[PDB]
Amino acid sequence: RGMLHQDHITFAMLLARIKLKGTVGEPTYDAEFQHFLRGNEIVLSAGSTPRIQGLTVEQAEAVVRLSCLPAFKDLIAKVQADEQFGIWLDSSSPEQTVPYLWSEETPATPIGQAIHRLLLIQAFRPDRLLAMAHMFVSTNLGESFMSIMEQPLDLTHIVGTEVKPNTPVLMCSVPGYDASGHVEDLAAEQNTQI
Amino acid sequence: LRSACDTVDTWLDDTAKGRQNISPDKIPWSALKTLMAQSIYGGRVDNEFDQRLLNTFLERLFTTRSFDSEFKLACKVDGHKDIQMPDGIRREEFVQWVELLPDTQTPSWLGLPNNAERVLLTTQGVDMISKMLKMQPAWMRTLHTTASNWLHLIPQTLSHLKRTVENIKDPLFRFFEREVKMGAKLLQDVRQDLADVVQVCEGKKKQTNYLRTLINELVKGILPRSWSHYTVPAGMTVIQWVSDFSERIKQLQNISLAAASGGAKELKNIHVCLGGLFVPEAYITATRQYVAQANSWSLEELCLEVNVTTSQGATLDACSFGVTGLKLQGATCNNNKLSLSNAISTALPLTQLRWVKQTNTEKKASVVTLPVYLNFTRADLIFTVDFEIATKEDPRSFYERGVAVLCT
Amino acid sequence: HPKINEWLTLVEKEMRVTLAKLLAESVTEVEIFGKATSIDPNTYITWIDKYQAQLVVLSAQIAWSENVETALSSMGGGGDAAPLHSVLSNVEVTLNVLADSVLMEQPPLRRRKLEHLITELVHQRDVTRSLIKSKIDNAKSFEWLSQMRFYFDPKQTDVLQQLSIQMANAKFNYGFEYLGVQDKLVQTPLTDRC
Amino acid sequence: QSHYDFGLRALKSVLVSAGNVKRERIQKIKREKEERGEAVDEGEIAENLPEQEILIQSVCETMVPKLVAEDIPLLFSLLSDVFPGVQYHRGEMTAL
Ligand SMILES: Nc1ncnc2c1ncn2[C@@H]1O[C@H](COP(=O)(O)OP(=O)(O)O)[C@@H](O)[C@H]1O
């Protein structure tokens, strides 16, 4: 409630990771998350990157970086074998239909599958990363976890119960927005002189 | 929003004196549209094309046709679907319809192309990655090398134009005079400063206050304020400025060399890039003045029509000039006809600007006027061009998608 | 009233009331020049010299507004003819007389009055042309409502409340402050929007 | 130049100066015609009135003093282009 709307996904994803570390039945996923955070820093020579048909130089670079993971060792072979891959790559919302391009010796849980599709989305369609991240949170914390953040803010209950008289209500607005009217309306509704 | 609601309330009470129901035609659509386009929402608008877009939206939404069952609030939201006007007659059903909107929203809801938020979403994702990660002398030699490379890349000579009794009467000469003079002054100043920096980095001349400030700005990659004379995008580094300035000096060198030998004839027939010119709108008005003087007409009765050639180097008429480097945003030009495109930009190879006498005839209801901005910031309006849409397009859709021409 | 403030207040109030009465007389005199086909230059110049510059321009505005209002009311049926041309014609002939008056030597005060009248009648002529071109046939249409309109009510017991200025939503009363001879502005479309 | 301005203020100043110059030219012509013979007519004077010369005189009285040396030929060339034929004879303030 006191954060810019662009930072909601960051805090939600960190909460999802915290809950994931607290799950007895889930792996730690250290390598996949470490790559998701710091894989663009993997140094690779110009000649090491090949030219995969249908993928630009940036997508090819992302693919060859992501191939270092054991589950994506043969990613190039999988993407070249699948000819309808371009249809997904040019889809409006590819994150809803991420294709299975990682090798598993056991059927992974939906959470680990979410990390895998998330890495694939980052490698292939970075513009669709945020949406993918959102779905990741929904797999860890529920689909409604962000739902309250989409509704108009309810000042009544918060200032009536959650706010102590000692704690001031700081109302920080970006330029072009003013919360004075909200407070005046709130005081008018409660019949309280302000 | 409060002002618009107050206007709606006042005009509805004025038109409906307490009557339970009124015909949709009796609703003062013109009053609401004009007040919202001139006073409420049009007051902040200081651009004619923004006002045009606001007028387009207001004339789309605030008509009697909004009260029918078939009205589309938005079209081509995903290329197949469209947003339907709720058929409710009470606040509760409208709020219910709003609460039932799909969670997926694209800029096509706003009339913009779907590829408008690609860069924004990519940057937001990279920023989210950086934020998640975040909470988990040699400078003398480098500056010497950088300044030496800059001096090698930057041209050396730019001679002023030669004023003559009959040369002053030519507006093209009158404008290229300012261009070449300013270019030569900037070239000399920049070369002198760079040579001083090189000599300082060799420990041959003592560093002074001006040299200290210039070096401090150079090592951190900020464009010096003494060099910034023409309009540039705000967030541009010094490498990009050096490259652009070198290109501008080369173009001005070509202009001066052409003007020196031959006179004002090849001066009319020289290819120019508006992005490289320091004041392109002055070039536009100079060509307008040249055509007016050649034909002994007035400027206000001369209108401009643009012809995008399929190739560069085609011959030009006596009232048509050739300009290069123009980029069309959100549309493609084929056979002098515009089609709505899903690409970011399309490079116009060479366009002929031709000045002709006004016929006082209204446009053919299929002609779009497009602004020609100096750069991607769309902060400076150089002039306007006129094209004809494709066989199955809509000028309103052209306005809603922000189609415009960029000089660079 | 030997107190300075008392008789100064009396002077201000009497200035307002005298201006209101003089405006009433000016309107009842200029309604002859309006609603007519031919204007004698001599009597028009006599009327201009008799009354104050602000009152002269105000009376011209009142006469034109009433003429246009009655012409629009006469076309309430939609299919009726167009008397607006006559109103336009009236403006035209008036402007011509004014255009003839400034072409020769005039006293400075009367010259400034003539310039003010020329500016106001040019604006009225433009507005009438716009109304005719748009085929306005209702007095409640916004194309006429959007314009600044003056209404004089001679049967009002209060002289200060006799004149009302309305511009499409707003009801103003003339303040009757003595403005002397101000430098009138050209009523550009930007001025109308302002 | 930093001291150049060609906005609405300069235009309106030029227009007011043009009106004043027209009035003083009318007065001067009237006085000359009264002193030389006896024949004056408002219509004849208005018809034989060089209004373009009046505007040129006002423009050169207001805009020329601010110009730098090289812009004076440019401004006079623009005057010739937009106002062909007309020329500006600067007044001679002998007593001054
Ligand atoms: N509609 C108009 N008609 C006549 N003169 C005008 C008009 N608008 C502006 N001007 C003139 O332009 C000049 C500058 O206007 P000004 O009030 O200084 O604007 P700002 O407050 O933006 O500086 C004024 O001297 C004024 O006489």
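Judging from the entry metadata, cryo-EM is the method by which this structure was determined, and 2.71 Å is the reported resolution.

Chemist: Looking at this model, I keep getting lost on the overall build of chain C. Mind explaining?
Modeler: Scanning chain C from terminus to terminus reveals 7 helices and 3 strands. When the helices and strands of chain C are read in sequence order from the N terminus, they spell out α-α-α-α-α-α-β-β-β-α. Relative to a compact globule of 194 residues, whose C-alpha radius of gyration would be 16 Å, chain C shows 18 Å and is just as compact. Seen along its three principal axes, the alpha-carbon backbone of chain C occupies a region of about 65 × 40 × 35 Å. Long-range contacts, defined here as pairs at least 24 residues apart, represent 65% of the contacts in chain C between residues at least 6 apart. Put simply, chain C shows about 10700 Å² of open surface, and 57% of that area lies on carbon and sulfur atoms.

Chemist: Would you explain the overall build of chain A in this entry?
Modeler: Tallying secondary structure elements over chain A gives 9 helices and 0 strands in all. Each helix and strand of chain A, ordered N terminal to C terminal, gives the series α-α-α-α-α-α-α-α-α. With the principal axes as the frame, chain A shows a C-alpha extent of 70 × 40 × 30 Å. In chain A, 64% of the contacts between residues at least 6 apart in sequence involve partners at least 24 apart. Surface accessibility of chain A: about 12000 Å² in total, with carbon and sulfur atoms responsible for 57%. The centroid of the 13 positive side-chain charges in chain A is displaced by 7 Å from the centroid of its 23 negative side-chain charges.

Chemist: I tried to follow a nonpolar patch on the surface on my own but got confused; where do I start?
Modeler: All names here are of chain C. Together, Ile4, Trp7, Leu8 and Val11 make up a nonpolar patch on the protein surface, roughly 370 Å² of accessible area in all. Tracing the chain through its elements places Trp7 in helix 1 (residues 4-33). Note on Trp7: relative accessible area 38%, which makes it partly exposed.

Chemist: Sorry, what's going on with the interface of chain A and chain B here?
Modeler: Listed per partner, the contact involves 18 residues of chain A and 13 residues of chain B. Together, the buried faces of chain A and chain B total about 1500 Å²; carbon and sulfur atoms form 69% of this surface. Inspection of the chain A/chain B interface yields 1 salt bridge. With a closest N to O distance of 3.9 Å, A:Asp127 and B:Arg118 form a salt bridge. Scanning the region where chain A abuts chain B turns up 0 residue pairs in polar contact. Put simply, the parts of the chain that give the side of chain A that touches chain B at least two residues each are helix 1 (8-21), helix 2 (30-38) and helix 7 (129-141) of chain A. Top element by residues in the side of chain A that touches chain B is helix 1 of chain A. It accounts for 4 residues.

Chemist: Whenever I open this one, the sheet that holds strand 4 (residues 302-309) of chain B confuses me. Can you help?
Modeler: Pairing between the strands of a sheet comes from backbone hydrogen bonds, and it takes one of two forms, parallel or antiparallel. Residue and element names in this part refer to chain B. The 4 strands lie next to each other as 3-5-8-4, forming an open sheet whose pairing is mixed. Only two strands of the sheet have a single partner each, and these edge strands are strand 3 (272-273) and strand 4. Sheet topology note: the strand 3/strand 5 (residues 320-324) ladder contains 2 bridges and is parallel. Its bridge partner lying in strand 5, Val272 is registered against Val323.

Chemist: Honestly, unusual backbone geometry in this entry has me stumped. Any pointers?
Modeler: What is expected of a backbone is that most residues other than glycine have negative phi and most peptide bonds are trans. Notably, B:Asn335 is not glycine yet its phi reads approximately 55°, a positive angle. Overall, B:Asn335 belongs to the exposed group, its relative accessible area being 69%. Backbone geometry at C:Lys135 places phi at a positive 60°, although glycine is not the residue there. Locating C:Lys135 in the fold gives a position in the loop between helix 5 (108-133) and helix 6 (142-145). Using a relative accessible area of 67% as the deciding quantity, one classes C:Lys135 as exposed.

Chemist: Any chance you could explain the pattern of salt bridges here in plain terms?
Modeler: Side chains carrying opposite charge are able to pair once their charged atoms draw close together. Counted according to the given criterion, the structure contains 34 salt bridges over all chains. Between B:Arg60 and B:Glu400 there is a salt bridge whose closest N-O contact spans 2.7 Å. Taken individually, B:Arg60 and B:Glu400 each receive the classification buried, so the pair is uniform in this respect. For C:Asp183, the salt bridge goes to C:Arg112, with nearest N and O atoms at 3.2 Å. Taken as a pair, C:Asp183 in the loop between strand 3 (171-173) and helix 7 (189-193) and C:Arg112 in helix 5 lie far apart in primary sequence, 71 residues in all.

Chemist: Honestly, the site of the ligand in this entry has me stumped. Any pointers?
Modeler: Within the structure, the ligand sits among C:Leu185, C:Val186, C:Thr188, C:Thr191, D:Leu8, D:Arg9 and D:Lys12. Those residues lying near the ligand are distributed over chains C and D. Between the ligand and D:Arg9 there is a distance of 2.3 Å, counted from an oxygen atom to a side-chain nitrogen or oxygen. Protein burial of the ligand: of its 560 Å² of free accessible surface, 49% is covered by the chains. A total of 3 residues in the shell around the ligand trace back to one element, the largest contributor, which is helix 1 (residues 8-35) of chain D.

Chemist: How should I be thinking about the environment of B:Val238 in this particular structure?
Modeler: Inspection of the secondary structure assignment puts B:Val238 in helix 9 (residues 238-260). Non-local contacts of B:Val238, meaning those with residues more than four positions away in its chain, are made with B:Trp150, B:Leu218, B:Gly221, B:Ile222 and B:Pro224.

Chemist: Is there a simple way to think about the interface of chain B and chain C in this case?
Modeler: Interfaces are frequently sized by the accessible area removed from exposure as the parts join. On the chain C side, the residues contacting the 11 residues of chain B number 5 residues. Both faces considered, chain B and chain C share a buried interface measuring about 600 Å² in area, 55% of it formed by carbon and sulfur atoms. The tally of links between chain B and chain C comes to 0 salt bridges. Here chain B is connected to chain C by 4 residue pairs in polar contact. Those elements that place two or more of their residues in the side of chain B that touches chain C are helix 1 (2-15) and helix 2 (29-40) of chain B. At 6 residues, helix 2 of chain B tops the list of elements feeding residues into the side of chain B that touches chain C. Class assignment of the residues belonging to the side of chain B that touches chain C gives a composition of 4 nonpolar, 7 polar and no charged.

Chemist: For this particular structure, what's the right way to read the pairing of strand 10 (residues 381-389) of chain B?
Modeler: In regular strands, side chains alternate between the two faces of the sheet. Residue and element names in this part refer to chain B. Relative to strand 10, strand 7 (residues 337-347) runs parallel, the two being bridged by 2 bridges. Counted as the bridge partner of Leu338 is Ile389 from strand 10. Two elements, strand 9 (residues 367-373) and strand 10, share 7 bridges in a ladder whose sense is antiparallel. Residue pairing across strands places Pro371 opposite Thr384, the latter belonging to strand 10.

Chemist: I would appreciate a short explanation of the nonpolar core in the present structure.
Modeler: Soluble globular proteins: nonpolar side chains tend toward being buried together. In terms of nonpolar packing, the biggest core is built from 80 residues, with B:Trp241 and B:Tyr283 touching the most fellow members. With 14 residues, the top contributor of residues to this core is helix 7 (residues 171-201) of chain B. Residues within four places of B:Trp241 in sequence aside, it is in contact with B:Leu186, B:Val190, B:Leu223, B:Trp227, B:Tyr230, B:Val232 and B:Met236. Residues A:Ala16, A:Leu55, A:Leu119 and A:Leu130 belong to the second largest nonpolar core, which totals 45 residues.

Chemist: Can you help me understand the packing of helix 6 (residues 138-153) of chain B against helix 7 of chain B in this one?
Modeler: For any two helices packed against each other, the geometry comes down to the angle between their axes and how far apart the axes lie. Residues and elements named next belong to chain B. As a packed pair, helix 6 and helix 7 sit with axes 9 Å apart at the nearest point and diverge in direction by 145°. Where helix 6 crosses over helix 7, the handedness of that crossing is left-handed. Contact residues: helix 6 offers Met140, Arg141, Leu143, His144, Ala147, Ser148, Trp150 and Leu151, while helix 7 offers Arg191, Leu194, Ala195, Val197, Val198, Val200 and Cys201.

Chemist: Whenever I open this one, a negative patch on the surface confuses me. Can you help?
Modeler: Together, A:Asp178, A:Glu184, A:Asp185 and A:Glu189 make up a negatively charged patch on the protein surface. Checked against the element boundaries, A:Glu189 lands in helix 9 (residues 180-189).

Chemist: Can you help me understand helix 6 of chain B in this one?
Modeler: Since there are 3.6 residues in each turn of an α-helix, residues three or four apart along the chain are aligned in direction. Residue and element names in this part refer to chain B. Between its first and last C-alpha atoms helix 6 spans 23 Å; for 16 residues at 1.5 Å apiece the expected length is 22 Å, and the two agree. Residues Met140, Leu143, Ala147, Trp150 and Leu151 constitute the buried set of helix 6. Down the axis of helix 6, the buried side of the element spans an arc of 95°, and every buried residue falls inside it. Exposed and oriented more than 90 degrees from the buried face of helix 6 are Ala138, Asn149 and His152. Taken together, the buried residues of helix 6 touch helix 7, helix 8 (209-219) and helix 9.

Each value, and the rule that gives it
- Residues numbered from 1 in each chain as written, not as in the entry; some residues may be left out.
- Chains lettered and ligands numbered in written order.
- Part of a larger assembly, values for the part shown.
- Heavy atoms only, no water.
- Helix = DSSP H or I, 4+ residues; strand = E, 2+ residues; numbered from the N terminus.
- Rg over C-alpha atoms; globule rule 2.2 N^0.38 Å.
- Contact = heavy atoms within 4.5 Å.
- Areas by Shrake-Rupley, 256 points an atom, 1.4 Å probe, with all protein chains shown as cover.
- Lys, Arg positive; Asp, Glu negative; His and termini not counted.
- Charge placed at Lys NZ, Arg CZ, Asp CG, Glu CD.
- Patch = residues over 30% accessible without salt bridge, like charges linked within 9 Å, V, L, I, M, F, W, Y side chains within 5 Å.
- Salt bridge = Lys/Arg side-chain N within 4 Å of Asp/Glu carboxyl O.
- Buried < 20%, exposed > 50% of the residue type's maximum accessible area, 1.4 Å probe, protein only.
- Buried area = accessible area lost by both parts, 1.4 Å probe.
- Polar contact = N/O pair within 3.5 Å; in protein donor to acceptor, adjacent residues only side chain to side chain.
- Pairing = 2+ DSSP bridges.
- Near = heavy atom within 4 Å.
- Nonpolar A, V, L, I, M, F, W, Y, C, P; charged D, E, K, R; others polar.
- Core = buried A, V, L, I, M, F, W, Y, C linked by side-chain atoms within 4.5 Å.
- Axes fitted to C-alpha atoms, helices over the stretch in contact; angles between N-to-C directions.
- Left-handed = near helix turned anticlockwise from the far one by under 90°.
- Expected span 1.5 Å × (residues − 1).
- Arc of directions from axis to C-beta.

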